[PDB]
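Undergrad: pasting the first chains of the complex, positions unchanged:
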Amino acid sequence: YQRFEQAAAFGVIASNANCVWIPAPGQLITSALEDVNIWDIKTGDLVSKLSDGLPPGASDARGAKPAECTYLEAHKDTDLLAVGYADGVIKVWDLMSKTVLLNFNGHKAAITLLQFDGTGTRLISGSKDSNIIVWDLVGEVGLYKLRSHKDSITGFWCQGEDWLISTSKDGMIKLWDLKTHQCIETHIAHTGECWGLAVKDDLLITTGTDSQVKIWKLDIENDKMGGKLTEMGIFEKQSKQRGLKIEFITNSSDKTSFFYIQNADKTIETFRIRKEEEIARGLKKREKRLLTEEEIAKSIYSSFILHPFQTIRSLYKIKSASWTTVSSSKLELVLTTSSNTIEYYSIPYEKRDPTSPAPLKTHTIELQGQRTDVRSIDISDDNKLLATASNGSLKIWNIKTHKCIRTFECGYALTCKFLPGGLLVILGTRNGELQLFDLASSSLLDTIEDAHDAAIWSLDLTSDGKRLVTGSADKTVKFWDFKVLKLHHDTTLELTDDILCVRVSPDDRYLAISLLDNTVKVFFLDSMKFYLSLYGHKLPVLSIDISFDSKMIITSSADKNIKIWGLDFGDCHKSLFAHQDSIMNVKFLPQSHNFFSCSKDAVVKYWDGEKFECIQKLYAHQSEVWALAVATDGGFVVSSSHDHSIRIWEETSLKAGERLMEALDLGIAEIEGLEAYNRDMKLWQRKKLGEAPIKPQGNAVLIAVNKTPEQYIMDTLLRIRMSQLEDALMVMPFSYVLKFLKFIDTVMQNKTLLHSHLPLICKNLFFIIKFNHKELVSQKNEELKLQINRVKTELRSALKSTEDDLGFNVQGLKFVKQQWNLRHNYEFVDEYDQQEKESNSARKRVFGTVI
Amino acid sequence: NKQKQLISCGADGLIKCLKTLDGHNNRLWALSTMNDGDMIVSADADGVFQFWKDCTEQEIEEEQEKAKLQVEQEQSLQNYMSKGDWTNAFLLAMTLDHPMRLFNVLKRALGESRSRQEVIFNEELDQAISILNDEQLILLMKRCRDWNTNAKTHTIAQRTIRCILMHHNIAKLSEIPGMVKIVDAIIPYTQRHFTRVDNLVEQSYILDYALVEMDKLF
Amino acid sequence: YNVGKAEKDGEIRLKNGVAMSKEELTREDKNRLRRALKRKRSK
C-alpha cells in the first residue's frame, strides 16, 4: 500500500512549556509540541525548528501520542540544550549540530524542571512524580535520586555538591544534604500547595496558592536541626491566584537585585529588593514613637526589605517569562503566553522612578499563530490553506513555505470554505453573520449581518461554486447564489430541529444534512425532494461525506463510531467503532473510497471503504483534532487541532550446603589472612623492624557488599531455610565443620551479632557437633580444644545472661499482678463463693470439638 | 452572615448541623449576636451568661499549627535514626508513636549496649525511660506485650520490661489503670521463653561432654 | 493473648508482632502492605 506520513507541522510558536533566552535584543528557544523552535526577537523569522529525526507517522513510529516537550533549559557557554518531555525523558542536544547527545529517561511521569550545575557536566531534574534526580553528563548515569517529596516538584535551587533545596506541590519545602542524600530539614511552607522558589543568597522567597508570599532566611552554616532555614515573614500581592515562577537578578553598575512573581492570570508582579543602606536608614522611621510594642512592630519586615515595582500586565494568560538587564533602566523581559504568542517587554527605571504609568512591549512574535483553536481548516486546489479562528484570525497559509501570507479579522468563526477559482474565502460565524474575503485585496468584500437567526454551523459550496448552502442552529438551512461577487438569498428550508451539518454531493446531486435529532436527511437539490432519512446513530451527529461516485456516504457522530451508508436505498453497510471520544470530522479521498476521520481524542485514522479495515492510525497531535481537509487532487491531507497545531500528511544455581560451604571457605580465608597479618604486625613490632608482610587486600565480594566476613557468613546462614538446614549442615565435610567452628569462635567476640543470632548459632552449632561428634572427639589438637572451651564459655554466658532477665521479669511481673490482686481483688472468705467468683471471672475461650 | 443560624434552649445554643456549644444547667430565653459583622454572642440562662467570642478563625490557625509541628519533629527522628544519639530519638518516637522505629531505636541501642562493656542501655537512655509518665509507659508496655509474642523480638521486650521494673515504682506500676491486663498477657510468654532458653542451655553441655572425651583421648 | 489488629487506624499490626505506623511507612511499603493485605483477603 502507498501509506501516509507527515511532511511538516506548524501553527505553534509557544506551547505548554517554559522558555529560555539566549543572548545576541537576543534570540529565544521555546517549545512547539514535541519539538523545540528557536526565534530571533529582532525580526521573528523561524531560524530553527530542532525536531526529532524520525517523522511522526513513519514505519517505526510507536502506537501512542508523542512526548510533548514540557521543559526547555539551556547551558549557555558550552552550548547545550537540555530539554525534557511529558513521559519523563530528557534529551540533551548540542545546538551547533542539532543532534541528540544524551537520552536520560529515568522518571515515571512528566518533568517540571531542569538545571545545569557546576556549570557543565551535571544536570538535576525534577518531575511530576516527586523524585528529583541528579545526572552526570560525562558518565551518562543517574547519580543520585533524592526521594522524599510527596506530590510534584515545583522548584529547587542547588549549589554544587553540598546543598539542594526543593519545594513541591504539597505544602513542603525540603533541604537536602547531597553528600548523604538524606533530607535534612523539612517545613510546611504554605497550607495548600507551594508553587514558587527563588533565592538570592541571604533571603529565600516562596509562594503558594493565593497571594501569601513568604520570606525565609537560610543560614547554611547552621548546626541546629530546625533552623538551617527559618521563616522571617509574609506579605501580599495583587493577584489572588497561583504565583508560580519567581526569579532574581543582580544588575551590576551599582549592585541591585530584582525578582518577579509571574501569576496564573495575565500578570507579572515585579519587585525591586532594596539595599542594606536603606535598610539601616529606614529602620528608625518605623522605629519612631519612643519597646515591647516597637519590637512587635519591627518583627511584623517583608514590606520593609521588599519594594514593589511596575506590575506588568498582558492581553492573555501568562505561561512563562525570563529577563535580562542593563543600567537598571532596561529590565528587558521576554514572556510566552498561553494563546501562542511571545512578547518582549522592557520596563525602564531611572533608579528612583519607573518613568512610565504602564510598561511597554518592544517586540511581539505572534504572526504564525491563531490565539485560539482552529475550528475550520481548508485548502486550495493545491497551493494555499485556510485557518479559521475565534478571535477573528482567518489566516491564509501556503503549503510550500508554511507561512501565513494573508490574515484578516472575522469573529467567532467556525466554518469556512474557499471559492472554486481560488483567491476568495466564504465564512460563517458563531452569531448570525456570514462574511466574504479574498486574497489580493483587503478583508471584507461584504459581510451579511442577519444571515441566520442563530449560530451557523455548516456551509458547503456546489462543485461549480455559484451556489452555497448554509445550515444553522436556528433550525433552518438557506441557499445563496453568487450575483455579479455578492450573496443572494433566495430560498430557505425550515426544519423542526437544529441542523448542524450540511453537504452536497460532488456532482450537484444530493444534499445531505445532519440534524441534531440523531438523524440525517438526504434531499435532491433539484427538487428539495426528501429522498432519504438515515437514522439510528443514537447521539447528535457530526460531519457527513459523500463519495466521488455519489453512491456511498459516511456519517460521524459523538457516539464514537462512524457509519457507512449506501445512498441508493439508504441501507447501512458498516457501523465501525473507532475513536473512543468523538469523531469531529470525516472526509473521503479524491478518487478512491478510502477516507480519513479525525477525532476529539487527538488521533486521525485512515480507513478503506471496501474491507473497512483501519489502514493507518496516525498519532501526531496532542489534543482535540477539530478539522481536517484533503487535497482536491493528488490526496495529501492537512489536519488542525486544539493544541494550535496544523500538520500535513503526504504519501510515502547452587543450594544450601554448598552456598554455606563456599561462604565459609572465603570467610575463614579472609579471617585467618587478617589474623596472620596481625601476627606479622606483632612480630615486626616485637623484633627488629626491618621487614613485615606487604598487604592483604580485602576480598572483592566482602568489600563489594560492605560486610565483615562474620556478617557475610551470618546472613547466608540466615538465608538458608529451616527445612533444609539439617541437610545443609549434613552435606558439609569435617574440614568445613572445623572452619565453621572457627567462624563461631570469631563471632562470639563481636557480642553484637552474637546476641542477635543466639538461637540460630545454638541450633546450628549443636547440630553440627552432635552430628560430627565421633570425629571431633578423635581430633588431637589443643588449638581446637581451646577453641571449643572458648565457644562453650562465651555461648553459655550469653544464654545465662538472657535467661537471667527472663526469670527476673517473670518474678517481677507476677509480683506486680499479685500486689494489684491483694490491693483490690475481692472479699470472699467462704471457699464456695470464692471459687464460683473466680469461675465467673476466669478467662473463657470457646473451641470447636468433634463428638 | 448569610445562611447558618443559631438556635436556643435545648439546654444550649446550637449552630447550623454542627458545634453544640457549652450551654447551661437549665433553660434559656436569649440570643444577642448583633455586633459588627457577627461579633460577641450573648447567650443567657435563667441566671448565668456566656459571651461567645468572635468569627471562628482562631481554631484553624491552632489546627494548622499542629500539623506543622508534627511534620517538623518527624524530620528530627529521621536525623536521629541516621546519626545515632538514641535517647531523644527514643522519647520523640514515643511522642510520635512510631512503633517499628521504636523497635529500631531500642534494638540498635541494645546491640551497641551489648557491644560496649545495674545499667542495661546507655545511662542517659534508661534515665530517659525512667522519667516517662503513665500514658507513655502503658503504651510502651502494650507494644512490649506484642513484641514479646515472638521468639526473635522477645529480648528487646524483656530488657525494656526490666528497665521499667527497676526504674519505676512497683506500686505505681500496679496502680496505673490498664497494666494488669498487659502483665497477665505477657507473663506466660516469658515463662515459655524461660523454658526454651533453659532447655537450650541444658542441651548446651554437649560441648562440655565433647571436651571431656577430647581430654580422655590423651 | 495473641497479636490481633491495631486499635488505631494509622497503624498496621501484623500477627508477627511488628506494628507499623502509616505515617512512618514509605510509599513502597504502603503499596506492598496493601497488596499483601489483598492476598490475605483473597484467601
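TA: Structure's in. What do you need? Residues are numbered from 1 along each chain as shown, chains lettered A, B, ... in the order given.

Undergrad: so who does residue A:562 touch?
TA: A:554, A:555, A:556, A:576, A:578, A:579, A:583, A:586, A:597 (Cβ atoms under 8 Å, 6 or more residues apart in numbering or on different chains). (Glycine included, C-beta is placed from N, CA and C.)

Undergrad: show me what counts as buried in stretch A:565-580.
TA: Buried residues in stretch A:565-580, counted by 16 or more other Cβ atoms under 10 Å in any protein chain shown: A:565, A:567, A:578, A:579.

Undergrad: secondary structure added to those, as CSV?
TA: Formatted as CSV, the buried residues of stretch A:565-580 follow (DSSP: H, G, I helix; E, B strand; the rest coil):
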residue, secondary structure
A:565, strand
A:567, coil
A:578, coil
A:579, coil
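
Undergrad: burial of whichever residue of the stretch 251-400 of chain A sits closest to chain B, as a residue count?
TA: Residue nearest to chain B within the stretch 251-400 of chain A: residue A:300 (15.2 Å; Cβ to the nearest Cβ). Burial of residue A:300 is recorded as 11 neighbouring residues (other Cβ atoms under 10 Å in any protein chain shown).

Undergrad: quick one: the residue in the stretch 501-650 of chain A positioned nearest to chain C from chain B, how far?
TA: Using Cβ to the nearest Cβ, the single residue of the stretch 501-650 of chain A nearest to chain C is residue A:580, 28.8 Å away. Residue A:580 is 42 Å from chain B, where distance means Cβ to the nearest Cβ, to the nearest Å.

Undergrad: same question, residue A:612
TA: Distance from residue A:612 to chain B, by Cβ to the nearest Cβ: 59 Å.

Undergrad: how about residue A:196: what's its closest non-neighbour residue?
TA: Distance criterion Cβ to Cβ, 6 or more residues apart in numbering or on different chains; nearest residue to residue A:196, sequence neighbours excluded, is residue A:207 at 3.7 Å.

Undergrad: quick check: bridge partners of that neighbour?
TA: Legend: beta-bridge partners of residue A:207 under DSSP bridges are residue A:213.

Undergrad: what's the neighbour count on it?
TA: 31.

Undergrad: what residues are up against it?
TA: Residue A:207 neighbours (Cβ under 8 Å, 6+ apart): A:190, A:194, A:195, A:196, A:213, A:214, A:237, A:242, A:243, A:244, A:246, A:261.

Undergrad: which of these fall in strands?
TA: Using DSSP state E, the members of the contacts of residue A:207 that fall within strands are A:213, A:214, A:246, A:261.

Undergrad: any idea which of the residues you listed is closest to chain C?
TA: For the ones in strands among the contacts of residue A:207, the nearest to chain C is residue A:214 (25.1 Å; Cβ to the nearest Cβ).

Undergrad: return the residues in contact with the closest one.
TA: Neighbours of residue A:214 in contact, by Cβ under 8 Å, 6+ apart: A:189, A:190, A:205, A:206, A:207, A:208, A:231, A:233, A:234.

Undergrad: mind listing what residue 29 touches?
TA: With no chain named, the answer covers chain A. A:19, A:20, A:21, A:22, A:36, A:37, A:38, A:72, A:74, A:81.

Undergrad: try again with chain C
TA: So residue C:29 contacts residue C:20 (Cβ under 8 Å, 6+ apart).

Undergrad: wasn't it part of a strand?
TA: No. Going by three-state DSSP, the assignment for residue C:29 is helix, not a strand.

Undergrad: can you tell me the SS state at the closest residue in space to residue A:562 that isn't next to it in sequence?
TA: Spatially, and ignoring its direct neighbours in sequence, residue A:562 is nearest to residue A:556 (4.9 Å; Cβ to Cβ, 6+ apart). The three-state assignment at residue A:556 reads strand, by three-state DSSP.

Undergrad: pretty sure residue A:556 is touching residue A:587, no?
TA: No. In this structure, residue A:556 is not within contact of residue A:587 by Cβ atoms under 8 Å, at 9.8 Å.

Undergrad: one more chain, RNA strand D:
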RNA sequence: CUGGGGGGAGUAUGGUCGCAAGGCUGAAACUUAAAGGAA
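TA: Take a look at RNA strand D, now in place beside the chains above:
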C-alpha cells in the same frame, strides 16, 4: 318467578379450537455508542 341434561369419583389423548417457548437488552439494513442486567 319460565327456559333442563343425566349419576359420583377419576384416567388417557398422534382428533379440533386456543394460549403458551426461544434467548442479555439497546441492536438492525449497521457485529454499533452510552447505560443497565447477569455472574
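
Undergrad: the neighbour count of residue A:300 again please, RNA strand D included this time.
TA: Residue A:300, neighbours per other Cβ under 10 Å, totals 11.

Undergrad: how about it, nearest residue that isn't a chain neighbour?
TA: Excluding its sequence neighbours, the residue lying closest to residue A:300 (Cβ to Cβ, 6+ apart) is residue A:233, at 7.1 Å.

Undergrad: state the helix or strand in which that neighbour lies.
TA: According to DSSP states H and E, residue A:233 maps onto strand A:229-235.

Undergrad: that strand: how far from the chain's middle?
TA: 30 Å (Cα atoms, centre = their mean, to the nearest Å).

Undergrad: same check, this time on stretch A:803-823
TA: Chain-centre distance of stretch A:803-823: 61 Å, with Cα atoms, centre = their mean.

Undergrad: please see if it touches chain B.
TA: Yes. Under the criterion of Cβ under 8 Å from any Cβ of the partner chain, chain B is reached by stretch A:803-823 at A:803, A:805-810, A:812-817, A:819-820, A:823.

Undergrad: compare those and tell me which has the most neighbours.
TA: Busiest of these [other Cβ under 10 Å] is residue A:809, holding 26 neighbours.

Undergrad: checking residue A:808 next. Helix, strand or coil?
TA: Quick answer, by three-state DSSP: residue A:808 is helix.

Undergrad: what parts of the stretch 601-750 of chain A come near chain B?
TA: residue A:750.

Undergrad: strands of the stretch 601-750 of chain A, residue ranges please.
TA: Secondary structure of the stretch 601-750 of chain A (DSSP state E, counting those that start in this stretch): strands at A:604-607, A:614-618, A:625-630, A:637-641, A:646-651.

Undergrad: same thing with chain B?
TA: B:6-7, B:14-15, B:18-20, B:41-44, B:49-52.

Undergrad: how about the fourth one: buried residues?
TA: The neighbour-count criterion (16+ other Cβ under 10 Å) identifies B:41, B:43, B:44 as the buried residues of strand B:41-44.

Undergrad: what's the answer for the last one, then?
TA: Of the residues in strand B:49-52, those scored as buried under the neighbour-count criterion (16+ other Cβ under 10 Å) are B:50, B:52.

Undergrad: which strands and helices sit next to that strand?
TA: The contact analysis (3 or more Cβ pairs under 8 Å, 6 or more residues apart in numbering or on different chains; DSSP states H and E) places strand B:49-52 against strand B:41-44.

Undergrad: hmm, back to that, will you turn the buried residues of strand B:41-44 into CSV that also has distance to residue A:402?
TA: Shown next, in CSV, are those (distance: Cβ to Cβ, whole Å):
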residue, distance to residue A:402
B:41, 70
B:43, 75
B:44, 80
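
Undergrad: return the residues of chain C in contact with chain B.
TA: So far as Cβ under 8 Å from any Cβ goes, chain C lies against chain B at C:1-3, C:11, C:13, C:16-21, C:23-24.

Undergrad: buried subset of these?
TA: C:3, C:11, C:13, C:17, C:18, C:19, C:20, C:21, C:24.

Undergrad: tell me the bridge partners for the second one.
TA: For residue C:11, the residues forming beta bridges with it (DSSP bridges) are residue C:21.

Undergrad: residue contacts, it?
TA: Per Cβ under 8 Å, 6+ apart, neighbours of residue C:11: B:99, C:19, C:20, C:21, C:22.

Undergrad: if we can go back for a sec, mind picking the two most distant members of the residues of stretch A:803-823 next to chain B?
TA: Pairwise distances across the residues of stretch A:803-823 next to chain B peak at 30.0 Å for A:803 and A:823 (criterion: Cβ to Cβ).

Undergrad: just checking, residue A:508 touches residue A:461?
TA: No. Applying Cβ under 8 Å as the test, residue A:508 and residue A:461 come out as separate, 10.7 Å apart.

Undergrad: those two - which one has more neighbours?
TA: Summary of the neighbour comparison: residue A:508 and residue A:461, criterion other Cβ under 10 Å, with residue A:461 having more neighbours (18 against 14).

Undergrad: no further queries at this time; thank you.
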